[PDB]
Every structure is written in C-alpha cells, then in structure tokens.
Participant: 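Sharing a structure below in structure tokens format, with a few things to ask.
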Amino acid sequence: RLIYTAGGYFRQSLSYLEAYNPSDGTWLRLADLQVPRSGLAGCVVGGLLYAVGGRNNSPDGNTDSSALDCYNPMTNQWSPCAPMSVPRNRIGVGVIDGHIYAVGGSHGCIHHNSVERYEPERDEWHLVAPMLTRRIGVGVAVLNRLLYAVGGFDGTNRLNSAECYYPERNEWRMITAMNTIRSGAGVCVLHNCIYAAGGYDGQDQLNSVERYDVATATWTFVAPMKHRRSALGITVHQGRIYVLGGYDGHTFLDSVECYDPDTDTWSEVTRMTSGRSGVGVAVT
Ligand SMILES: NC(=O)[C@H]1CC[C@H]1C(=O)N1CCc2c(OCCO)cccc2[C@H]1CN1C(=O)c2ccccc2C1=O
C-alpha cells in the first residue's frame, strides 16, 4: 500500500498531493487539490482518499474551510463531497465502521467542541454529541472501534487531555491526561497502543513520543524523534509509524521519520520534495 500527503503549508497553503512506497522509497506526483489548504486531515474509506477540513489560501477576509473532498487513485480524479456543518481548521479525524468523524478544529476565533459524522453511502454529515473540551490542533486516532481525541488547545490552555468517544452510547469520557502538553501533535494507533508524537507545549517544540495502553491507563514514553516538530502528518504502514512534515518554530521540515516498535528506534527513510506543515495523511 502507498502512503499519501495532501495539502500542506509553506508560507502559503499548498494544493499538492504526493505518494510514497516504503518497498522502493520513491515519490510520485499526483493530481493537485482543486483548492489549496493546510491545517487539514485526510483518511481513506473504501479505497478512496478523503481530504477533510483545513484553511483556504485566499488570503482575504476570513476563510477557514468546511470542505470535504474525495480522490480516486485509480482514476486520479478529485471530487467534491458534502461540506461539513461548520469550518474546521486544525482538525483531526478517525474512521469507525466506514464513517468519517470530523472532530474539533477552529473557525475564526471559535474553537470547536462540536463533532460530526459522514456517511459515504448517503454523502451527508450528522452533528453528533460534542466533546467535553474545545480542541484545535487535535490528534484523533481510533483504537478498537473507539475514537480518542487526544491533546489540543481550547482557546486559552494548551492541553494534555485525551478524552475518548463511545459510538454505541454516543458520549465522551475524560480519560487519563498526557505527561507532556501537546498542541499540534500527530496521533495514529498501532498494536493496541495510541501514540502522541511531537507537538508544541510553550517554549519548546517537542521531539518526545509517548504511548497509551488502555487498561493500565498510563502514558509511557517511547524513543523520541530526531527532529522536533508540531503540525506533522502521521500514519502507519506495515507495523511501523511514518511522520511526514513538521513545524519546528523556525523552519518547515521536509523530513520523514519511521518508528520501528520492534526495536524502539527512529530512522529517517527519505525526504519530501518541499518541506511543509499541515498535511492530511492516509494509506491505501
Ligand atoms: N492551516 C493553518 O492553520 C495555516 C495558518 C498557517 C498554518 C499553520 O498555522 N499551521 C499549519 C497547520 C497546523 C495544524 O495542522 C492540522 C493538520 O491536520 C495543526 C496545528 C498547527 C498548525 C499550524 C502550525 N504553524 C505553522 O505552520 C506556522 C507557520 C508560520 C507561523 C506559525 C505557524 C504555526 O503555528
């Protein structure tokens, strides 16, 4: 399977889309986004890539995006899908049972607690029960058919909270907080363990990575990345974690690091074409 990157920001939101294969280590340029947008998330359902939320390039008035769009790698064609109820810049996303869950994100000065679910069958959104916190820069990631809305910023406090959602009950549960504060962290599940790689805390942009096992309900640290970064893209391919892009305060990273859980070691496997922050990453 190929890993992708959609959108991104480099002094300007980027309309790019690219693809990568770990078996040969090569980059493949693909059909550019119809509207450029950073601060967005991406995912795949039914072998079609999706590019949820973000922020338009403009640059005029106010343009946070409530925009859902779908890509077909076989035909290489972008379609426009039903737009979310509210704009969501700095958004996370997760998928349960073939539905797409938009969680949080900013719209102007408003930092959303609201959440909405997308059915591809029908092509429409349904506003679900909101989170207990407000969260922009929020890492979403799914563990055994439950949605963990990790970290974020609420409008005044950068947070270490990492509440969880129960689709069967339709309610949110405030579980155990992270050791390190993380706004703009990247989160993706692997082997019954949620991971929180990098982000921004206050002074420092972080390189530290920590891992959440459910029962014990504790955040055990893991080997940190080489480069410190928030706003990174993140995903999993073949029992390893791949961390694309970043914003280290002073530069936009073109690095791509790979975490091997089998050894607890980070290793760079390549470099992107042009370094950017705020991509939407997925795998098919
Ligand atoms: N779409 C946006 O909001 C864009 C507005 C510029 C860019 C932006 O602010 N971003 C990039 C995206 C992103 C994010 O992405 C969500 C992935 O789903 C999650 C959390 C934070 C960010 C910030 C990180 N950041 C920068 O790139 C940057 C550049 C220059 C000065 C300050 C910053 C700065 O703070």
Side-chain angles (χ1 to χ4, degrees), residues 4-17 33 35-44 49-69 84 87-95 100-112 115 134-141 149-155 157-159 181-188 196-206 227-235 242-255 272 274-282:
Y4 299 81
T5 292
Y9 169 87
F10 186 96
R11 316 156 181 166
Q12 158 219 327
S13 296
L14 323 168
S15 336
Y16 312 126
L17 172 55
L33 294 156
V35 200
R37 41 198 176 97
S38 59
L40 89 166
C43 67
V44 179
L49 179 68
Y50 288 86
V52 184
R55 179 187 185 89
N56 276 352
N57 226 156
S58 275
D60 318 292
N62 335 250
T63 323
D64 285 320
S65 189
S66 64
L68 177 76
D69 281 66
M84 283 174 330
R88 302 181 186 282
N89 177 32
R90 319 209 183 190
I91 172 165
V93 121
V95 181
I100 317 177
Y101 286 93
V103 182
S106 101
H107 166 202
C109 296
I110 303 157
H111 295 59
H112 296 313
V115 175
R134 290 170 177 277
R135 290 172 201 278
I136 76 167
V138 55
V140 175
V150 184
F153 173 74
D154 80 319
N157 318 53
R158 233 158 288 282
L159 322 171
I181 291 166
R182 282 182 205 285
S183 174
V187 193
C188 58
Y200 175 48
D201 88 320
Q203 187 186 237
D204 306 311
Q205 262 70 20
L206 304 168
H227 304 280
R228 301 152 169 284
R229 73 188 97 191
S230 82
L232 83 179
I234 198 165
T235 186
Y242 288 69
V243 293
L244 293 76
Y247 175 67
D248 63 77
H250 310 78
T251 313
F252 306 111
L253 267 152
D254 71 318
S255 169
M272 308 183 91
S274 64
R276 69 195 74 110
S277 68
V279 313
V281 181

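When a ligand or atom number is given, it counts from 1 through the structure's own listing order. Note that the numbering runs from 1 along the sequence shown for the chain. No hydrogens, no waters, no symmetry mates; every other heavy atom, side chains included, goes into these values.
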Participant: In terms of residue, atom name and distance, what is the protein heavy atom nearest to atom 32 (C) of ligand 1?
Facilitator: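 Of every protein heavy atom, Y247 OH, 3.5 Å lies nearest to atom 32 (C) of ligand 1.
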
Participant: Check for a donor-acceptor pair, side chain of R135 on one end and backbone N or O of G104 on the other, with a separation under 3.5 Å.
Facilitator: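 No.
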
Participant: With heavy-atom distances below 4.0 Å as the criterion, list the atoms of ligand 1 near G278.
Facilitator: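 Listed by number with element: 12 (C), 15 (O).
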
Participant: Can you sort out which atoms of ligand 1 are near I91, meaning under 4.0 Å from one of its heavy atoms?
Facilitator: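 Those of ligand 1 that fall under 4.0 Å from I91 are 18 (O).
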
Participant: Using 30° and 60° as the class boundaries, would you call the ring planes of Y9 and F252 parallel, tilted or perpendicular?
Facilitator: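 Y9 vs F252 ring planes: perpendicular.
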
Participant: Can you tell me which residue and heavy atom of the protein come closest to atom 17 (C) of ligand 1, and the distance to 0.1 Å?
Facilitator: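 Going atom by atom, the protein heavy atom closest to atom 17 (C) of ligand 1 ends up being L40 O, 3.1 Å.
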
Participant: Which residue holds the protein heavy atom closest to atom 23 (C) of ligand 1, what is that atom called, and what is the gap in Å?
Facilitator: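 For atom 23 (C) of ligand 1, the nearest protein heavy atom comes out as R90 NH1, 3.7 Å.
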
Participant: Just by modelled atom types, is the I136 backbone N or O under 3.5 Å from a matching donor or acceptor in the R90 side chain?
Facilitator: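 No: the side chain of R90 does not pair with the backbone of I136.
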
Participant: Flag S230 as yes when one of its N or O atoms lies below 3.5 Å from any N or O atom of ligand 1, and as no otherwise.
Facilitator: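 No; the residue has no nitrogen or oxygen that sits under 3.5 Å from a nitrogen or oxygen of the ligand.
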
Participant: Decide if atom CG of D204 counts as having more than 12 heavy atoms of other residues, nucleotides or ligands within a radius under 6.0 Å.
Facilitator: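 Yes, because the 6.0 Å sphere around CG of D204 holds more than 12 heavy atoms from other groups.
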
Participant: What is the nearest protein non-hydrogen atom to atom 14 (C) of ligand 1, stated with its residue, atom name and distance?
Facilitator: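 I find the closest protein heavy atom is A231 CB, 3.9 Å.
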
Participant: Which residue owns the protein heavy atom closest to atom 15 (O) of ligand 1, what's the atom, and how far is it?
Facilitator: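 Closest protein heavy atom to atom 15 (O) of ligand 1: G39 CA, 3.3 Å.
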
Participant: Does ligand 1 have any atom that is closer than 4.0 Å to a heavy atom of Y200?
Facilitator: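 Contact absent.
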
Participant: Compute the minimum heavy-atom distance from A41 to ligand 1 and say whether it is under 4.0 Å.
Facilitator: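 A41: in contact with ligand 1 (<4.0 Å).
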
Participant: With a 3.5 Å distance limit and no angle check, can you tell me whether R182 reaches the backbone of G139 through a side-chain donor-acceptor pair?
Facilitator: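 No, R182 side chain to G139 backbone: no donor-acceptor pair under 3.5 Å.
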
Participant: Pull out every atom of ligand 1 sitting under 4.0 Å from any heavy atom of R55, numbered as shown with elements.
Facilitator: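 Under 4.0 Å from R55, ligand 1 has these atoms: 1 (N), 2 (C), 3 (O), 4 (C), 5 (C).
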
Participant: Donor-acceptor pair, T251 side chain versus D248 backbone, under 3.5 Å?
Facilitator: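 No: the side chain of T251 does not pair with the backbone of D248.
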
Participant: So, the side chain of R158 versus the backbone of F153: is there a donor-acceptor pair under 3.5 Å, distance only?
Facilitator: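 No; zero donor-acceptor contacts below 3.5 Å.
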
Participant: Looking at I181 and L159, what are the two nearest heavy atoms and their distance?
Facilitator: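 Minimum heavy-atom contact is CG2-O, 3.9 Å.
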
Participant: If I compare all heavy atoms of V279 with all of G8, which pair ends up nearest, and what's the gap?
Facilitator: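 Shortest heavy-atom contact: CG1-CA, 4.0 Å.
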
Participant: Tell me which protein heavy atom sits closest to atom 11 (C) of ligand 1, plus the residue, atom name and distance to 0.1 Å.
Facilitator: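 Answer for atom 11 (C) of ligand 1: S277 OG, 3.5 Å.
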
Participant: May I ask you to identify the nearest protein heavy atom to atom 4 (C) of ligand 1, giving residue, atom name and distance to one decimal place in Å?
Facilitator: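 In this structure, atom 4 (C) of ligand 1 has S38 OG, 3.4 Å as its nearest protein heavy atom.
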
